[PDB]
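# Fold and contact review
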Amino acid sequence: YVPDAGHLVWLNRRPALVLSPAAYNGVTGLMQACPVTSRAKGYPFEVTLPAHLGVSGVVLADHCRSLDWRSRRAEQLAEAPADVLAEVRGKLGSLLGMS
Amino acid sequence: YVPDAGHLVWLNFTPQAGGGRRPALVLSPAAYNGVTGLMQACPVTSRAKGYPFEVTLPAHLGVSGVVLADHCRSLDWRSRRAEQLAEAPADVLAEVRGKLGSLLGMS
Amino acid sequence: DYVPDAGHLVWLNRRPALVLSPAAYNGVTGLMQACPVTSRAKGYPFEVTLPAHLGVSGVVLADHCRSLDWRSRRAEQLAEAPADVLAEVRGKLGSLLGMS
Amino acid sequence: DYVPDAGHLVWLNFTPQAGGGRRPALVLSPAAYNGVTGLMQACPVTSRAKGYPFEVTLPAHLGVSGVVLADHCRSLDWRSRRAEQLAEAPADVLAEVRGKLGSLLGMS
Amino acid sequence: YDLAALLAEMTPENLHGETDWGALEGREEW
Amino acid sequence: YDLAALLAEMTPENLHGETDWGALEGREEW
């Protein structure tokens with residue numbers, strides 16, 4: 001298994017949303033991903049996951065980071081809807097100064 | 001001091017089991033950095049290999065190494081004792097953001 | 001200047017066409033894979049209807065896809081095909097080409 | 001009597017408008033379609049093997065020199081161009097042509 | 001077949017020009 | 001920046017391993 005963009009994965013264990021694509025993730029052993037938490041507080045960079053997706057909570061878009069997914073034994077859980085992936089990218093892009 | 005976008009800062013790291021200090025380029029703006037205590041920053045490494053996500057730093061800034069644009073990470077700049085070293089020019093920041101944005105799938 | 005991309009509707013030569021291959025191939029080679037558009041809709045099996053008010057009318061003839069030099073034919077963008085039209089053309093052409 | 005079928009290697013004529021020749025081509029579309037339109041989707045065989053990634057090599061036992069240009073697939077009238085069967089490509093050649101062409105066309 | 005992997009192998013020297021099939025024949029649309 | 005153009009320049013020799021930032025600090029989620 002190689003994580004792909006939009007995948008929701010288990011990682012060493014907690015869920016995460018993968019933003020970088022498999023063509024990068026497979027060659028490097030790294031990925032860019034945002035963590036998922038059940039502690040939704042309504043703070044500005046949370047993105048809500050729809051119900052019955054296979055994993056619950058919010059994506060913390062501002063906590064995106066590069067990480068080694070092989071050592072953390074990434075395991076696919078689901079695929080994020082396109083609107084969730086687009087909202088995460090919009091919030092993170094603004095945070096990173098990308099307009 | 002609150003780090004701002006384009007700042008090059010010293011950042012501590014500490015091992016769990018019995019570390020150091022490394023420069024990093026800040027991408028997120030002070031407005032965010034000051035209401036979370038976090039920032040999105042890319043590490044500066046001494047190992048320039050020609051890897052495509054490396055972004056070179058001009059010699060006049062005085063900071064040796066290259067920025068790893070794809071290694072951007074959310075870090076607590078208070079706990080890690082961020083200290084400003086320099087300010088990267090706009091074109092360095094634009095190259096880091098362009099390469100990272102490409103990797104993240106930004107439109 | 002202009003390089004056709006996948007899903008673009010283009011003028012060629014004088015007649016419209018739907019581009020299937022992507023700009024990363026089209027720009028380097030000067031070639032593209034594209035299907036012609038005609039106003040003579042007859043309801044035959046490989047026609048794909050273009051929605052109204054798109055900027056170009058008629059049907060895409062999915063079975064007439066071909067490689068062609070788009071620079072010598074002075075390709076010029078007209079519109080972008082809706083994703084459902086592009087998907088229907090690819091479905092019909094893929095079946096025709098033996099791709100399942 | 002002959003109707004080209006998928007995997008056939010055929011001779012195909014071409015004629016200049018102003019004052020041409022014959023070239024082999026690999027047929028991708030099935031006889032069912034080819035026989036109700038008089039057309040076929042086929043890829044040309046060229047003598048120039050350059051290592052271009054869309055080239056597909058032909059095994060020597062088939063007897064046909066050259067390589068297939070998978071990205072040069074085109075709808076052609078096989079009656080007007082006097083299609084004549086030369087050989088039959090093995091399944092793995094056909095699969096490589098279709099895989100490379102399908103990738104280029106954006107098939108999912 | 002990954003398209004990017006294919007396109008990464010193209011070079012100015014190995015490009016092929018448009019294949020010449022001469023004049024339009026029969027039921028060809030173009 | 002085209003991602004495919006960037007990824008085409010990666011090689012086994014120029015890859016960097018994960019950057020070590022040590023233990024989790026402060027308000028970091030991970």
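For each chain, numbering restarts from 1 and follows the sequence as written, which can differ from how the entry numbers it; residues lacking coordinates are not listed. Chains and ligands are labelled sequentially in the order written, the chains with letters from A and the ligands with numbers from 1. Only hydrogens and water are removed before side-chain values are computed, so all heavy atoms of the structure are retained for them.

For this deposition, the record names X-ray crystallography as the technique by which the model was determined and cites 1.6000 Å as its resolution.

## Considering the overall build of chain C
When its secondary structure is counted, chain C shows two helices and seven strands. A run of DSSP states H or I qualifies as a helix once it reaches four residues; a run of E qualifies as a strand once it reaches two. Both are numbered from the N-terminal end. Secondary structure elements of chain C occur, N-terminal to C-terminal, as β-β-α-β-β-β-β-β-α. Its C-alpha atoms give chain C a radius of gyration of 13 Å, within 12% of the compact-globule value 13 Å for 100 residues. Projected onto its principal axes, the C-alpha positions of chain C cover 35 × 30 × 20 Å. Approximately 4500 Å² of chain C is accessible, and the part contributed by carbon and sulfur atoms is 49%. Charged-residue counts in this description rest on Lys and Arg as positive and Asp and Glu as negative, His and the chain ends being excluded. Charged side chains are reduced to one point each, which is NZ for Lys, CZ for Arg, CG for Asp and CD for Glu. Side chains of chain C give 10 positive and 9 negative charges; the mean places of these two sets differ by 8 Å. Every radius of gyration here is taken over C-alpha atoms, with the globule rule written as 2.2 Å times N^0.38, N being the number of residues. Note on areas: Shrake-Rupley, 1.4 Å probe, and residue coverage restricted to the protein chains presented here.

## A closer look at the side chain of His 8 of chain D
In this structure, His 8 of chain D sits in strand β1 (residues 8-14). Two residues form a contact once any of their heavy atoms are found within 4.5 Å. Not counting chain neighbours up to four residues away, the residues in contact with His 8 of chain D comprise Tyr 2, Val 3, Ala 25, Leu 26, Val 27, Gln 85, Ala 87 and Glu 88 of chain D.

## Structural notes on unusual backbone geometry
Residues and elements named next belong to chain C. Notably, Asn 13 is not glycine yet its phi reads approximately 75 degrees, a positive angle. Among the structural elements, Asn 13 can be located in the loop between β1 (8-12) and β2 (15-19). For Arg 74, which is not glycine, the phi dihedral falls at a positive 55 degrees. Structurally, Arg 74 can be placed in the loop between β6 (66-69) and β7 (76-80). The buried label goes to any residue with under 20% of its type's maximum accessible area, the exposed label to any with over 50%, and the partly exposed label to all in between, with areas taken from a 1.4 Å probe on protein chains only. On the basis of relative accessible area, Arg 74 is assigned to the exposed category, the value being 63%.

## Comments concerning the interface of chain F and chain B
Residue-level contacts link 22 residues of chain F with 34 residues of chain B. Considering only the surface of chain F that becomes buried against chain B, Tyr 1, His 16 and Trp 21 of chain F emerge as the three largest contributors, covering 36% of it. We count a salt bridge whenever a side-chain nitrogen from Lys or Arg sits within 4 Å of a carboxyl oxygen from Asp or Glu. On inspection of chain F and its partner chain B, the count reaches one salt bridge. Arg 80 of chain B is paired through a salt bridge with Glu 28 of chain F; the nearest N and O atoms lie 2.8 Å apart. Any pair of nitrogen or oxygen atoms within 3.5 Å is treated as a polar contact; in protein, a donor-acceptor pairing is required on top of that, and neighbouring residues in sequence qualify only through side-chain atoms on both sides. Joining chain F to chain B, the criterion identifies 14 residue pairs in polar contact. Here the nonpolar group is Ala, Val, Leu, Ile, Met, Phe, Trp, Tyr, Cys and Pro; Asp, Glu, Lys and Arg are the charged ones; every other residue, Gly included, is treated as polar. Its residues placed into classes, the side of chain F that touches chain B shows eight nonpolar, six polar and eight charged. Accessible area, probed at 1.4 Å, shrinks when two parts are joined; the buried area is that loss added up over both.

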